[PDB]
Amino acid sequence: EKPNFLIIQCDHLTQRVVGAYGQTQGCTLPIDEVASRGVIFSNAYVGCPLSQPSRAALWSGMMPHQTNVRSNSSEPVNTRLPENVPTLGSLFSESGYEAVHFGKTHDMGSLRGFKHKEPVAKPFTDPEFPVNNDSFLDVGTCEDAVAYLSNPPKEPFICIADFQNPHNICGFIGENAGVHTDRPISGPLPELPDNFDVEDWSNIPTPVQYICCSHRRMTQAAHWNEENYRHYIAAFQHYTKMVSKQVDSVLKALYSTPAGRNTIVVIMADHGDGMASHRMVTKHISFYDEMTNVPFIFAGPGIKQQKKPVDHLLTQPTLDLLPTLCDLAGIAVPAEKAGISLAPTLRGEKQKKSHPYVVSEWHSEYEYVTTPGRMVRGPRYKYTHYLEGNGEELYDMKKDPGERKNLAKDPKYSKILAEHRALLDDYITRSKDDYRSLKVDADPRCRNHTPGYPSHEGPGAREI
């Protein structure tokens, strides 16, 4: 009849690690099996590479400057979503769907309309990698979703399973902070990425120069060697395999009932992880693909299999998931929502409405450093601007997908730069963005040493 929906979201999950995108084998087989039945987008940019802003934005179908959840800080710095704002869950709930949510919330009110159940951490010992409450909560989340999908009560439903992993990578970094010899592992060690090194630190913006100061985990990884970073990637894959096994459990529960086959499965992330690219660990300030270009996978009744990743559209899950699911469910979407339904692409029809560019925002994490930034991703180039120092990046995503050569200061590229600044102005105007009025709050002690993370000195912005 009317379709059910199962949204499986993972914190930190990256395209590179997901086999469906063609770079890594062996980490996400169950996700790749869903993908093979359906469609995956190659350009799927989140409106902010940080948990709370992305999630606030996602489930209300807005951008972060509009929700006013621009960091992981609570009220009053950030504002909870008012109950008069339509939401994925209110839209679906008001139409007669049962709407349930399991796992990580971190939503600041944007989950309104979902009946939420809190997972209970179920601890266990891993013999090779550090595991913590992130991993343990996921055992609970998985048990909750399994029990629900193994017996609904009832249909039509929409269900979200919000997993923590591979977020446990953060705990790994803390256990392996600073100069160190790595704990031996039994796997083959993954190679560093081709974009690992930063070739010229003078040619990236001030806030990116000093992520080692403002970001605790960059502080902790600042002086790591190549073995260290390669163990970081092995651990990322481990936690990715861990959550994939839970995705597998949840899907087995889905298809153990007749409801399963009438269910549209979406698989995504709120943001990704640096994975050593550009020396990065986790996420902070920067807009590189590793962090802002997430897995975005659909399969189910009425969605046509496409073997080739959709790479001719710029997608923005943060905006587009709300309209896409509402479309497929036959629910009217409030005209103020700026997202675009991908349901035509998913049904194997031509996509006549599409995003001419997609955007991402940075503000702060916990308001130690406030250094607002904006990314504009056009059909071919990615442009970056930061207020602090008026820094700019410009990257050729066709010939330099690894983002190793900033072209912003290359005269050959000035009309391309002008054109992309002009898109940012378009975004700022149409979205009512206050970017240009915003103030930096970046202590000079966090901009002290020579640019770049290996040259980092001191404890970082934590003090104070």
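Each residue number is its position in the shown sequence, starting from 1.
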**Residue stretch of maximal mean CA temperature factor, 164-172 vs 367-375** = 367-375
**Request:** Return whichever of 219-227 and 142-150 has the greater mean Cα B factor according to the PDB record.
**Result:** 219-227
**Prompt:** Which of these, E155, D248, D273, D107, has its C-alpha atom at the highest B-factor, as the entry lists it?
**Reply:** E155
**Criterion, highest CA B-factor; candidates, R55, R37, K432, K398** = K432
**Message:** Going by the CA temperature factor in the PDB record, which third of the chain does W201 belong to: lowest, middle or highest?
**Reply:** highest
**For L387, the third of its chain into which the C-alpha B factor falls** = highest
**Message:** Lowest, middle or highest third: which one holds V100 when the chain's residues are ordered by CA B-factor from the entry?
**Reply:** lowest
**Prompt:** Based on the entry's values, in what third of the chain does the Cα temperature factor of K283 lie: lowest, middle or highest?
**Reply:** middle
**Asked** Ranked by Cα temperature factor within the chain, is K252 in the lowest third, the middle third or the highest third?
**Response** lowest
